[PDB]
Amino acid sequence: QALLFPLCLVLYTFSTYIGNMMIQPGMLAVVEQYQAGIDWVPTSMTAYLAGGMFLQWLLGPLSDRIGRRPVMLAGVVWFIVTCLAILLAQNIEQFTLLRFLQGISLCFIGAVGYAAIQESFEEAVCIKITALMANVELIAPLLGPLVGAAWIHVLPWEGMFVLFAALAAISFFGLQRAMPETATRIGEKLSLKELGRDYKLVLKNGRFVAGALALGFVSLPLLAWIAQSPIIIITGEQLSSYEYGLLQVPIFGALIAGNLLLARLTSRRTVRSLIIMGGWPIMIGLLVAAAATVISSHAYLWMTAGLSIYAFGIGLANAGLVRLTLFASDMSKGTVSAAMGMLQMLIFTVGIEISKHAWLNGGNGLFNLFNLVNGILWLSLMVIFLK
Ligand SMILES: O=C(N[C@H](CO)[C@H](O)c1ccc([N+](=O)[O-])cc1)C(Cl)Cl
Ligand SMILES: [Pr+3]
Ligand SMILES: [Pr+3]
């Protein structure tokens, strides 16, 4: 009778995710409205993700000391305010700063929201909620760009931010009445020296770092495609909004297909064999995209096929590498999760920006060549990581 709590956390999580996914196709309308160059399109996502890594390391220990309730509720409010505030941005620089401020809201989901879930419910009921949250993460990158392309076809980009704020408001009120206080160290002081030392400690573990870096590198081509596909397809190939959306279907559908095969194979395959199994489509897909576009710069259908094959591999291999990276360090899971989360976002932010310059200077060929080296770096780390 009190399932309002995990339900409203799912709603909030969903809203921060479309806070990125719906926005990207709208970015072409944003830069036209500010009369800014196309180079600002991928940067919207870069700033959002950079904000997502800013406070990651702090919120867990802090909410443990002052309460999961006030910290979680504060994050929801912060998202509401920054979503509305971007309506007042006067140039693309100001717009990009607010994307960064919005992205900080991402830190509250894992470090305090999910921490509260694990502390409240039975381990059997905890699996049901976790699975549901995983479903949302899988559905957002498919539906997001589709709904976002449909939105700006009829409605202003500003309207999307009003929608994000509204969904988060509903989420606030449910959390305000249903979230219990579960923080275990209320009243205790926080030492930033002890906290910083815990992070130096996790980063000393070479096998943990290899796994965490590998997760960043291997996912980068997907994230770069989310960031840049509007300018690649619409301004680069001179195609329509409809085709932009159509090309998302084989890519994110393959990702889903990869995850469903994972579920069917899990009882009769170890984590290690699934990573190796995914490596074939990961490497072949990225090779196909690169070879085709070097031969012919405008072979965007070959590019899309290569990325779908690669995306299938990710669906099969990623969750297993997450699990193994998590247990590669014997330290507290709060510290480990936050560390691996920050390492992968560091790669995403820097990688998208490199990817942007690669595309601007050399087109689809360079875009896909850079994705290929990221695949090679994942593979290089797995030869070491797996033993
Ligand atoms: O895009 C992915 N998701 C992972 C983890 O969910 C990635 O770390 C990520 C996290 C948050 C995010 N966002 O809300 O902007 C995007 C990617 C795929 Cl690699 Cl599954
Ligand atoms: Pr310490
Ligand atoms: Pr400690």
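Whatever comes next refers back to the structure up there.
Position numbers follow the written sequence of each chain, starting from 1, instead of the entry's numbering, which may differ; residues with no coordinates are not represented. For naming, the first written chain is A and the first written ligand is 1, with later ones following in the order written. Side-chain measures here rest on the full set of heavy atoms in the structure, leaving out hydrogens and waters. Residues with missing side-chain atoms are left out of burial classes, side-chain pairs and their counts.

Teacher, can you tell me more about the packing of aromatic side chains here?
Aromatic rings considered in pairs are described by the distance between their centres and by the relative angle of their planes. Within 6.5 Å between ring centres, the rings of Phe, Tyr and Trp (the latter by its six-membered ring) count as paired, and their orientation is classed by plane angle as stacked under 30 degrees, edge-to-face over 60, tilted in between. Applying the stated criterion across every chain yields a total of 10 aromatic pairs. On the numbers, 6.1 Å between centres and 85° between planes, the contact of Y12 with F79 is edge-to-face. Of the two residues, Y12 sits in helix 1 (residues 4–21) while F79 sits in helix 5 (residues 68–85), which places them 67 residues apart along the sequence. For the pair shown, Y12 and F79 are each scored as buried. Relative to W157, the ring of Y34 has its centre 6.5 Å away and its plane inclined at 45°; by these criteria the two rings are tilted. Remark: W157 occurs in helix 9 (residues 157–178) and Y34 occurs in helix 2 (residues 23–34); sequence separation between them is 123 residues. Across the pair, exposure class does not vary: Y34 and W157 are buried alike. Members of the aromatic cluster, each reached through a chain of ring pairs, are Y34, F95, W157, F161 and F164. Two conditions define a charge sitting above a ring: the NZ of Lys or the CZ of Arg must be within 6 Å of the ring centre, and it must be within 35 degrees of the ring normal. It is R207 that lies over the ring of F385; its NZ or CZ is 4.0 Å from the centre. Secondary structure elements are defined from DSSP: runs of H or I of at least 4 residues count as helices, runs of E of at least 2 residues count as strands, and each element is numbered from the N terminus. Partly exposed describes any residue whose relative accessible area lies between the buried limit of under 20% and the exposed limit of over 50%, with all areas from a 1.4 Å probe on protein chains only and scaled to the type maximum.

Explain a nonpolar patch on the surface to me, please; I cannot follow it from the model alone.
Judged by side-chain polarity, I139, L143, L146, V147 and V249 come together as a nonpolar surface patch covering roughly 380 Å² of accessible area. Following the sequence through the fold, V147 ends up in helix 8 (residues 123–152). Excluding any residue in a salt bridge, patches collect residues exceeding 30% relative accessible area, merging like charges within 9 Å and nonpolar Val, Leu, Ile, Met, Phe, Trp and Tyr side chains within 5 Å. Only the protein chains shown count as cover for residues, with accessible areas throughout obtained via the Shrake-Rupley method and a probe of 1.4 Å. Think of a salt bridge as a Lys or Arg side-chain nitrogen and an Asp or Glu carboxyl oxygen that are within 4 Å of each other.

Quick question: what am I supposed to make of the site of ligand 1 here?
Think of it this way: one heavy atom of a residue within 4 Å of a molecule or strand is enough to make that residue near it. In the neighbourhood of ligand 1, the contacting residues comprise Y17, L49, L106, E137, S219, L223, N318, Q344 and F348. In protein, a polar contact requires one atom able to donate a hydrogen and another able to accept it; more generally it is a pair of N or O atoms within 3.5 Å, and residues adjacent in sequence count only if both atoms are side-chain atoms. With respect to ligand 1, the side chain of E137 contributes an N or O atom lying 3.1 Å from an oxygen atom. In this structure, an oxygen atom belonging to ligand 1 sits 2.7 Å away from a side-chain N or O atom of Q344. The set of elements that each furnish at least two residues to the shell around ligand 1 consists of helix 11 (206–236) and helix 15 (333–385). Just so you know the grouping, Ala, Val, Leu, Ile, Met, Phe, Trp, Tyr, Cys and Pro go in nonpolar, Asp, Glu, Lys and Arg go in charged, and all remaining residues, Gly too, go in polar. Residues that form the shell around ligand 1 fall into these classes: 5 nonpolar, 3 polar and 1 charged.

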